[PDB]
Amino acid sequence: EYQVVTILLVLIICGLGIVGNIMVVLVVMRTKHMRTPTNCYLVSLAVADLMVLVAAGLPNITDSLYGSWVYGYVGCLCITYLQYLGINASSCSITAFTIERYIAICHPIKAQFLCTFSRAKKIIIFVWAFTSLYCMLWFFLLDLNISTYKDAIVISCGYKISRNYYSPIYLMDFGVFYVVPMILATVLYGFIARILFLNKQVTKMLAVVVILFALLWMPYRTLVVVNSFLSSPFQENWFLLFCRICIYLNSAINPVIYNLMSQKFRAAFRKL
Amino acid sequence: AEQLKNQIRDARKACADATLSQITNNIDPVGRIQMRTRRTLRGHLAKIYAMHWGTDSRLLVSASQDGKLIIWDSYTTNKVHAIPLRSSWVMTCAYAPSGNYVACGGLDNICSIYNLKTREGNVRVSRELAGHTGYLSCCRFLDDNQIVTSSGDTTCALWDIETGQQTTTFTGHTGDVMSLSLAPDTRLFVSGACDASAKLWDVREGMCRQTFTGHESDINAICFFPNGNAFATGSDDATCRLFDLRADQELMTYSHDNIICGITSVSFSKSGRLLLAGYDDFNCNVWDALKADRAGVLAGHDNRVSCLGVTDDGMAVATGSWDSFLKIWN
Amino acid sequence: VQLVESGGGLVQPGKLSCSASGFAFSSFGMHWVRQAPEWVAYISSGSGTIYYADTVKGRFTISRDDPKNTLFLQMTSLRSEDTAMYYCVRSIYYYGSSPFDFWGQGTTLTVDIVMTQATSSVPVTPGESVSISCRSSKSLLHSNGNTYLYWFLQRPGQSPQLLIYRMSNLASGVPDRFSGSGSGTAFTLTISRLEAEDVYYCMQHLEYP
Amino acid sequence: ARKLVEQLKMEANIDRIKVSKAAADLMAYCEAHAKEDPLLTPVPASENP
Amino acid sequence: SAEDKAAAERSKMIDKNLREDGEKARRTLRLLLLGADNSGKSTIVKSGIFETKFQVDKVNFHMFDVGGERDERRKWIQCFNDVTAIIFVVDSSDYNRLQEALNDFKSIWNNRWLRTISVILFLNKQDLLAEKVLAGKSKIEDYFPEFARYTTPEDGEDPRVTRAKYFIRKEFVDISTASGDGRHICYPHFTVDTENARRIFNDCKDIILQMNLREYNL
């Protein structure tokens, strides 16, 4: 049927990132380098792209055939806190990597003295604490409900309060995790292009990152944010499954866009 | 004197009855043993060049590129002293048998000697031994008033800390002398030179008693067997070998047939059946000195390992490396 | 090489300054042992550890000072138990170090684990190989195996010294006629071949008062 | 040249025994200390810190 | 026990007095000054290891002229492999002091320990070679045998010496670009005048940037 084929479209692109992010950590944590800050700024993304695939890619595989929260209440607090944590840490350890990447290129003589492995831990333990402070806030506004009109008393893992009253959690995650990595990677990658035009074969791959991380987070962050304003929330299967098949597709290319297109990771992988 | 050098090659290497592998064929080996990182003596912040185990087997110095000499406690991972160096390009360090003196030597052709147990509580330099014309590659301690010193101008000295000048000078090398080690019977020492030769000198006489050859590249690691009747070298051509003083040949060749990175440091055990060896492939090795096998691997470093030593009782093995992490194994 | 204290204030009950002129006293502990006719503190260098006395523990303060090496106490509710001579000690610990290797002056201000042996009236005669033995209760084969033992030398002079630290070993500046042997929870100290200028004290170090 | 030949007789006129007993006494030191070696035989935790 | 709870408070103060002395040896870009033989190595910027220092626009440089036993470089060169740039000064006037530098440049470049360090190749005494072609002796064709077929593109002015000074510079970068692999590349210059204290800071910013292109995965 329709949803029988999308039990594969969800579970193979949440599987190629669930093998691609394991391909990150076995390259980082089992090589004999000095653990450079870019080896540390990506494991902060390789354990945040796991939780939106191994804890968000398959409450869709085990619930496409049921329609209710199969995990009940022991999951719909403890697994949906790990769905809003693989979102706000796989898009907030991006704007902490872009700022470390622009400072290292457009100010390289002022960034051999700041960027250190002891300083990459200072931000990543910070940026995981400051987003665990935000995803645990969901707990007091998250509980499932039951609907008795579809085929039986069946509904899945929804919202405890009315949907229109769930507005400002969805905009302070919009304006911090979508418009900041789409503006501070548009400005701070054109600055690399102005530097690389004064002395330029990699500036096309750098122009992919600005588009690919603003067109794959575009439909989810505009459909969730419009249901805070719509009197009747959008609920069809042909569009909601598409607006979060790109969320899994964004976190399956982060071991490819940020990692595999490098020069030193490929030689590090070739020795292991 | 071209034909006279062939008289040594027929009297030192042709007098061999057998090899060493035919002796250790029927010997039950250690087979497979494994050390483990008990301690991790972090705190340095540059490449580490030398360490030396103290006499009480619970103290060790470490010399690093950042210009610091640091005495450690090997039990509680405890730093004892911080000795700031004059010239930060240090390539060697030393520990006295009394435990009262340490001594470094660097690129500045100068051997400083520090006194640990002063009455003012600090650590201050006792006698700064200037008088070499090249970089100082190794330095040792016979007693609290005698120090032998290799350097980077083919000259090994033999100082006297009270007076200050060389009482003896061991000339007779071509390149540099990169490392040296005193014997347990402390009236003899050996020196591994940068011209692929190893010279057995003599403290009391003053002339070099023997000269050993065989390495292709330059010897940067030497240490005595604890009986004082043998010693094992290590050069940059990725091969170690153990000679002998009463036979003047190469009895045991500790060649790893699948590695290409050069040996940086070598020290025997406290019993003479664990040849530790610090290589350039970012990790150490363990060689059973009897049967010439790879009985263990101390893979715990990420850059090259430059210094390595075994205590007097046999308690531990501390290996330092270029990633500023010195690690005690057991 | 040198160390000095200052004071001896006679006042009604209810500040004696040291000065380590010629030392590295930014790398020394700073005790004050009483031995009235038994500590006060262990202000370590890098002042994050200030123990205090068994008699008060909340007053009779003592304030660290690094640059001019101004180790003093603070006169805060002085009692009749601290009416003693405080010997500031150039003791600092590392494996090989000798606590009480140097010692200050007996400034003489006239304001737990039991190792009890007073014997406070013993005349002396030379020649005989005498042997004092202060033993203690618990087994001093410690978790680190280093006995915090009890034999500290003194003299009829106005300042103490050390004979037998950790029940065996000799200090710096004292003669070598003193000696000793021991075992678990015991010590047999052999002070032999006596001579002129030879009181004597035995106190613990295991825990702060 | 003129000093090397005199400095070569000090390393040429010495007696050299065979390598068999030179390695047999190498093993004779090895057998006597193969018990008091805390790294050769992994002795238990009675004295290893 | 008050002993090892104080012999470890000592170890936490010898800990905090290396990470305040290790944040000062990481703020200066070290260099490695290396002339050939009286080639003006001391006249470019202006104990037994002559360490000269200079700063330009708040960036401290430390150059390490090693006046050791000889120019063997067999073992003291590996102590400088954590460095930003070697500096190879060579006087361009003589012709016995250029073909000796060609033998002294394939030893530094084709090496093992300097394989991530790029040479800021200085050229000095070119106003004693332009003042040695108006003299008309000019044995560049006699000393260098394959000199006579060399054009002079992309350049007082004289095309005879412009073809000459571009010949040795293309001879300098010939042994450079053979095996450089993009990690490290030469940076030749032209000059004994004071306009080169900026020409190193302007060049080390393209040495760090060629590392951070490979470091931060760009």
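Residue numbers in this text run from 1 along the chain shown.
Header entry for method reads electron microscopy, 3.3 Å.
For all residues, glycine too, the Cβ spot is worked out from N, Cα and C.
Residue-level annotations in Swiss-Prot identify, among B:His44, B:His256, B:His256 as phosphohistidine. With a threshold of 8 Å between CB atoms, the same-chain residues lying at least 6 positions outside the repeat 'WD 7' (B:300-330) that come near it are 35-53, 55, 57, 60, 62-64, 72, 74, 261, 264-271, 274, 276-284. Remote same-chain partners of the repeat 'WD 4' (B:172-213), defined as residues 6 or more beyond its termini with a Cβ less than 8 Å from a stretch Cβ, comprise 8, 12, 134-135, 137-138, 140-142, 146, 148-156, 158, 219-224, 226-228, 231, 233, 235, 243, 245, 248, 250. Non-local neighbours of the repeat 'WD 6' (B:258-299) in the same chain are 20-21, 24, 27, 29-35, 217, 220-227, 232-240, 242, 252, 305-314, 317, 319, 321, 327, 329; each lies 6+ residues outside the stretch with a CB under 8 Å from one of its CB atoms.
For B:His256 (phosphohistidine), the number of other Cβ atoms no farther than 10 Å from its own Cβ, over all displayed protein chains, is 18. Per DSSP, the secondary structure of the repeat 'WD 2' (B:85-130) breaks down as 0 helix, 22 strand, 24 coil. B:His256 (phosphohistidine) falls outside any helix or strand according to DSSP and counts as coil.
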